[PDB]
Amino acid sequence: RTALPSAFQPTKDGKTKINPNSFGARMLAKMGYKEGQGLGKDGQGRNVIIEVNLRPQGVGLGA
Amino acid sequence: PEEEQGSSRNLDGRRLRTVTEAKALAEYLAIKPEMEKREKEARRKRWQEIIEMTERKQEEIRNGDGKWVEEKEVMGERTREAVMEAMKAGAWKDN
Amino acid sequence: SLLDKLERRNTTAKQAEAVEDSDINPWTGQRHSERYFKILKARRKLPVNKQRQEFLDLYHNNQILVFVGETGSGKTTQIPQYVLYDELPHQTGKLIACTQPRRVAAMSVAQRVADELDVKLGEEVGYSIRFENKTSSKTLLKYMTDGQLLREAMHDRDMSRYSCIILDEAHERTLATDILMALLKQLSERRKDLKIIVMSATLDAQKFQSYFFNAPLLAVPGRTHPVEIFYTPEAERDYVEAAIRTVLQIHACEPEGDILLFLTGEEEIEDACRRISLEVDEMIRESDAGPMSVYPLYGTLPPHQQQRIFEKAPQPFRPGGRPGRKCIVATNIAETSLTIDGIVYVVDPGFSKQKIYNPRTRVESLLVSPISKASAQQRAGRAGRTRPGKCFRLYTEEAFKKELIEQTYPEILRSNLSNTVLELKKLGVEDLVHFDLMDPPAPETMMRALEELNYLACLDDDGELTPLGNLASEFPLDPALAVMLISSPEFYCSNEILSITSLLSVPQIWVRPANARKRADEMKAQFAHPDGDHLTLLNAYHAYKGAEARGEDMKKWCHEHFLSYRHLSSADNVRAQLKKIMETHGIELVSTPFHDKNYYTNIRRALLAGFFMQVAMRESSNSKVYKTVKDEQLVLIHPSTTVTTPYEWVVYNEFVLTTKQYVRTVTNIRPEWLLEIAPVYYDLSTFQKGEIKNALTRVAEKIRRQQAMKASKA
C-alpha cells in the first residue's frame, strides 16, 4: 500500500492546508466535494471547523 | 469642565474641587477596610504559597534519561539474542 | 380488540383515548391498574393530549413531521404512545424507535412509558444503550440513544425493523443525532413507508422544516412561572469573584430561595465553595446572616454529592431573621434537564467548559468559552421552576444580544468524523460529500477523517470499506482501538490489549481528591508500572480482578486504592463485550506469559500498531518537551503519568490542550518498533519535516544495515 499523505499538512506559518493528493481529498473529490462550499444535500453545512476561543479562566461573557 | 474649573465656586460658596475631594474621600472611607483585609490575606496566601513551594522542594530533595533507558533495553534484547545464538551454535566454554 | 378496532394511520384521538381508558389493555391482554389510570389522567390533563388530534392528523398527512414544545408538555412520552397506537405495530411487525441524546434519559423515558402503559420494562417498552439491550421480541416502543440508532443504521441502513422513528432533544446538535437525522432523511427519500418525527424545544422549527424540506410543524403551547432577567452594568474580569459577590448580596438582601451559580471547572467550583463558606462564616460572625449550604455540581461529582445538592436548604438560625439558603455551584448539569426544588436565584457568569477538537493538529481540549443565548434561556428556564424567580447574568444585555450566539456549536464540528465515515461506509454511503446531510461537517475535516481511516486501514485508497473497516464498524469502539484489538493476535497479547482498550473506552478510574491527594498518589505509585500509563492501568485492572477473585468488596477496594468502582465495572463490561465480539468474529485470544520477558515488548508493539498516529518524540536530551508527529505538535507529559523516565517514543492515547500542553496516557515505544508496526504511516520516502522523521529514517537505515549483516552472517 502506498503511503498516503496527511490531509491537513501544517505549514511554516502554523496554518493547516488541505493537500489535494491525500487519500481523503481524493475520496472527497470522488464523492463530489467542492472547494469553498460545504457538503450535504444543499451545501448548507459549515465550511469550516469550530474554533475554540482562548477566553481567560474565571472571565465573564463579553469581557 | 468641573475639573477645569475646580477652583471656582458653587452657589453655596463651596469649591468644586472640594466637592470632588469630599466625594473621593467618602469613597475611600467606604473601600479602605475591605481592601486592607484583601491585601492582608493576599500577603498571607502569597507567602504561604512560597512556604509550600519550599517544602515541596525539600520533599523533592528528601526523596531525590530516555537515551539511557532505551540503550539499556536495546542492550538487554541484544544480550538475549547473543544468548540464543550462543546455545544455537553450541558455545559452551564455561568453567 | 382495541388494536383491531383502531385503523393504521387513521385512528382518531377520541378512539385512542377510549382505548387508553378501557379497563382491558390490549398491549398484553391485561387489566388496567390505578397507577395506569392516574398516568392516563395526567397525560389527558397535560397539553399533549389537547394537541394529540392535530399531531395524529399531521402524522397521517405527512411522513416527516416536527413537533416543537416546551419541557414537561409530554412530547417525550405521550407522542410515542399515540404514534404507536396510530401505527398499530401488531399489524405491521415493525417497532417504534425513540432516539434520545442520553442513554440514562432514554432508559428513564422507557421506564416512564412502561409505567404509563402498565407493562413490564423490556416486554412492551424497551431500552437500548451501550452494551445494554433491555428489549424482547414483543417490544413495540424502544427508547435508544443516538449512538445506538447510528449502530443500528450501520448494521441495517434499510431500517425495516422500525416503522416510525421519533428523535427527541434535537436541540443538542450532537454528531450522532445529526447522523441519525441524515439517515432518517435518506430513508424517507428512499421509501415513504417510514415515519419520521423530530421533537424540539427551541425556536429552530423553521430550520428543522427547511432541513426536512418543509415538513409539517406542530407547536405545543404551555407556559411556566415568571423569571425576571437582570444583566450586569458592565463585563467583569473576575467572573468567580462577581458570582461570589452576587451570591453574598442575594443572601444578605434578596428573599428566601435557593441560588444556583454557573461555574466552569471542578477545582474552580471547589475554591468558590470554600470562599462562599468562609464568607458565610464571616457574615454569621459579624452581621449574623442566615445559614448557607454550599453544594458542588461540577463535572466530577458522586451520587452522594448529587443527592446533597438536591437536598433541602438549611433552616434559619433564628425565627424571623434571615432565612437559610442553598447555594448550588453547578457547571453545566443544572443548565438543562435539571429540576431543583426551591431554586429562585440564578447567577450566570456566561462561561462554561466546552469540548472542541481542532483538526489542524487533531487536538481535543476542554476550554472555557462564552455561553450562548440558548444556554442563557435554558438557565433562565431552570431558575424559578416552582415559583417566580430571578436570574442575574454577569454580561450586558447588548453583549448577550450580539456577542452571544443563538445556539451552541455542534458535536460534529466539536469532534472528529472518522467513526461517522466508517459507519457511512458500512451502511453503503459511497458519496459522503454528496450524502443528504442537513448540517454536514467541513470538507477538510471529512478528508482528514478519511485519511485517518486509510491510515488505520478502515478504508482503501478509493474510499471503499474493506473487511478490516467492516470489522471496525461492527466493533463498538474507536477505529484505532479496533485496529489494536485486531493486531493484538499477532503480538499474542490479545487479552491485555482488549482490557487496555476497554479501560480507554470507559471513563478515567483514577480518583485524586483534594483532601486525599497524598493517598491517591501513594495508591497510584503502588499500582503503577514503569513501562507506561497503559501498563499501570492494566496492572490496576489486574489487581482489581484479583481482589474480585479473592472476594474483597469491589467498591471498598476501589475506595482504598483511590479507584472508581463504576469505571472498573464499565471497563469489565466493555472487555466482556469485546471478547464476545472477538469470539463471534473468530479473533483468537492469546496472552504472553508473566515470566516471559517479551510480554511488555509485545504489549508495547501492539499499542504502537494500534495508535502509531499519536506518537511523540523528545526534542532534546536536556528538554522534556516532546514532539508528536501529528502536524508537528510540541507538547509535554501529563503530571498523572506513571513513567518516571520519559521514553524515546511515547504513544499517547489522549492529548489534552490546556495552558500547558501535556499528553496523558503515554506508553513507552521505540522508533524502530513504531516503524515495524506501521511502515505505511512511518514511511521514510513520504516522511515530511523534520528532524524527528530524519531520526526515524536513520533508525530505519540502522535496522536495514543490521538485517544486511544478519543476512551476510546467515
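Values below: all heavy atoms of this structure, side chains included; hydrogens, waters and symmetry mates excluded. Letters A, B, ... are given to chains in the order of the sequence lines, protein chains preceding strands, and every chain is numbered from 1.
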Passes side chain to side chain contact (heavy atoms under 4.5 Å, CB included), B/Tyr28 versus B/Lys23? Steps please. CA-CA 9 Å; B/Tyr28 176 81; B/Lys23 182 174 72 68; over 6 Å; no
Hey, mind stepping through B/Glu39 and B/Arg43 against salt bridge (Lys or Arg N to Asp or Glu O under 4.0 Å) and telling me if it holds? CA-CA 6 Å; B/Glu39 61 86 20; B/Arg43 281 166 175 251; 3.3 Å; yes
Working for salt bridge (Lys or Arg N to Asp or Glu O under 4.0 Å), residues B/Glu52 and B/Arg56: CA-CA 6 Å; B/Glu52 290 294 323; B/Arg56 89 193 176 187; over 6 Å; no
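Remark: the backbone N or O of B/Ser7 is paired with a side-chain donor or acceptor of B/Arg15 at under 3.5 angstrom.
The line from CD of B/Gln58 to CG of B/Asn63 is 11.0 Å long, rounded to the nearest 0.5 Å. One finds the NZ atom of B/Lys37 at 11.5 Å from the CD atom of B/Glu34 (value rounded to the nearest 0.5 Å). Atom CG of B/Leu25 sits about 9.5 Å away from atom NZ of B/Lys32, to the nearest 0.5 Å. With rounding to the nearest 0.5 angstrom, the CZ atom of B/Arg17 is 7.5 Å from the CD atom of B/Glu21.
With a 4.5 Å cut-off on side-chain heavy atoms, B/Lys57 and B/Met53 count as touching. Considering only heavy atoms from C-beta on, B/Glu2 comes within 4.5 Å of B/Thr20 through its side chain.
At most 12 non-hydrogen atoms from other residues, nucleotides or ligands lie less than 6.0 angstrom from CD of B/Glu3. In B/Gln5, the CD atom is not crowded: 12 or fewer heavy atoms of neighbouring residues, nucleotides or ligands sit closer than 6.0 Å.
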Extract all donor-acceptor atom pairs below 3.5 Å that involve side chains of residues 44-51 of chain B and protein atoms in other chains or at least two apart in sequence.
none

